[PDB]
Every structure is written in C-alpha cells, then in structure tokens.
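We begin with a single chain expressed as structure tokens, specifically the form deposited in one PDB entry.
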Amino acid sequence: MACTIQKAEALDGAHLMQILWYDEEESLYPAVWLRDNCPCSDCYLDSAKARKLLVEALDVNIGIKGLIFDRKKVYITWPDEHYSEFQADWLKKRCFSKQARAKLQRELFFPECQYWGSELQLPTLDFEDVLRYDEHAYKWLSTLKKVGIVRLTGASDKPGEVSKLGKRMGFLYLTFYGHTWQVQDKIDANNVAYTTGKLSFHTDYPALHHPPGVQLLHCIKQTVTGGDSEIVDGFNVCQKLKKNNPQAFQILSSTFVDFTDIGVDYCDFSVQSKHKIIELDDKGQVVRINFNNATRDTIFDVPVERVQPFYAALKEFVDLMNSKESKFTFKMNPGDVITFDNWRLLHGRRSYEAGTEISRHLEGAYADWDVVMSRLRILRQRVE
C-alpha cells in the first residue's frame, strides 16, 4: 500500500510530480531532480552506479512534458523528447518529506549514540569470531559506532593481530608512525607515548588536520607495575561542560589551538595544525574532540587577554574528564585488543616502571571512519 502508486501527476506548472500512494500519503518530486536522476543508460552508468549526465545538460527550469504511470513505475517525457522511467520503490525511499529523509539518513550513517560514564559495561567480543563470522564483525562495528569502544579478547600475544582487523575492515590508515606501531619504552623517544610515563586523557594525532577516526590497540605484553587504561566519553563530558560552564564550553568550542609534531619515524616529519578542542558541526552538535596535551604547541595564536581564560576553560574540561562519575578504568591483558572512536573518546594510561627488558608492548594502528562505515554498511546488508 505504502509503495504502490495510486496516482501520479505533474503540478505547479509541471515543475513538480506528486505521487499519491495507496496508503493515501502524498510525495512530491521536483522535475529538475527527476531529470537530473534519470536512470537511463545515457544519463547513468549502471556498472559504476554513477551519474553521467552533466550539470551543463540540465535545464534548471525544466518541467514535465508528459507522464503516465502504473502501480510500480512512472514514465516521463521531457520537453526535448528525452524519456525517463522511475520505479515506485526507488521514489518512495527518496521522498523529500522530513520523516522519509531522516529515516534514510539514519540508515546511511548509524547516528544512534549511547553516552556513558563510570558505569560502562565494556562491550566485549571474541577476536577470532569477529574475523570469521559476519554476524560477529557486524556486532563489533555497530557497537564501536554506537558506544565508541569494543574490546576483543582471545587474540594471540604476537604482532600482526591489528593488521588482521585492518583487512577485516578494509585497510589501515598510514601515518608518519608507520602502518602499525609499537607502544614500548624507547631510548631517545620521539613521542611521550614511547616512554613509561603517564598519558593523561587525550585523543590521538591532533597534529593532523584529519585525525584518525578509529584506533586499535593490541596488548602483546603487559606489566604488573602500572599501565592500566582509562577512557572517558568525550561527547558526554562536553554535554556536562556546556551545562556546568557555558563560558568554558564557548571558549573551547571557538578557540583555535596549534598542535605540533616534529621528528623521525616511518619518515622524517614536521607537522603543524590548528583545531578547536571541542569541534562543533553547523548545528552546534559536538562531532570531534581534538586534544593531546603532549602535542599542543608552545606557539599559541591568540591575543594575550584570551590566554588565561583558555587555560581556565581547559582545566575545567580536564577536571570533568577525570571525575569519578565520568572515567572508566580497566587493564589490558595479553591477547586483548581495544578498538575505539578516537574522535569521541579520550584515552589514557597509568605510568609504569622502566627497566632493562621490555615489560610492556602494545601494537597499534589507525583506521579512517569512512573505511569503517563502509564495512559496517556492507556487513549490515549481508547479515540482514
């Protein structure tokens, strides 16, 4: 009833098509949009699922010259004698009503978000199951998107496990630190992460204008002397900050902070960026946190009078993150892999003791959210 055509007609000087569906709901489709989206072989390359029609070929003042229909299709003639057919189900999906557009956006981008604090139950799946079964890999990426973190247990205690997960997703995101990288204490460390020091809450790689969307960390070796993990839900924290200190939120969401990374690893590098620590979309919603206190530059590109208020705001944000109601602490064992949203979560590590042998070794990698989302879309289709 809902996707069967009861009537189709051209309206508004023939600039709109109206469909009355068999449930009595109506949908409206601008003529210019219909013409732009003609699925014929002249206009559309089926092997690519892509538009061949050029903007230059589109008459933006076009109207429908003739229309007939049956229950499942509309058949249109255009003023220049071009001819198009549209399927009812295809039309129904693309209905310009707010409800229809919103449903479809939800299907494309999986916006469902579950905020959490210290009560978090760490979502956990088996490593080999995720590699082997689409049902398990689907639960993995869907939960990663919704909650922001999934622990995978039962991987080996040798290098190469993150690279498997990389292939399962698609491919990993190369940076100056390598295709994958080893978190261990290193002589002449090129990064604070490669020491035994504490890492306070941070996101990885704000020195890039497009920080890694997803991070993977695999525990090869763990130390008993410290090195526990800590995470916080940055979107939850930002919401709390906006309520408790709107001025602190305003400053952190509007001030461009410079980040820097200079050194040598996979290649020699001298990297500089600017980010707002709390990054909002055009509707004021938080979409990314960009903050690593190690790589925040000494250079600070703001008028003098804005400096101390910035630091006061940063301090409030960091104190919120550290609150016992916000943070979740846990410890990785060998064979554990954590995979998390590096745009939303902030993560940290407790200091541990240095010594002559390597007491602690994680292998890590990054993936682009678009690569992850692509796999998520494909997995959903295969599982449903």
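Here the rigid core means the biggest group of C-alpha atoms that line up within 1.5 Å when the two forms are laid on top of each other. Note that residue numbering begins at 1 and tracks the sequence as displayed.
What comes next is about the form deposited in another entry, which does not appear here.
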Open item on the list: Shifts of 2 Å or more at the CA atom, core superposed, between the shown form and the other one: which of the listed residues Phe249, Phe86, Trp116, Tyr173 is the one?
Closed with: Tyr173
TODO: Classify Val287 as shifted (yes) or not shifted (no) between the shown form and the other one, where shifted means its C-alpha moves by 2 Å or more with the rigid core superposed.
DONE: no
Task: Rigid-core frame, C-alpha of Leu104, shift of 2 angstroms or more between the shown form and the other one - done: no
- [ ] Over in the other structure, so in the other entry, do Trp181 and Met321 pull closer or drift farther apart at the C-alpha level? The difference is 3 angstroms or more.
- [x] farther
Open item on the list: I want to verify one pair: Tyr266 and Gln215. Are their C-alpha atoms nearer or more distant in the other entry compared with the form I supplied, knowing the change is 3 Å or more?
Closed with: farther
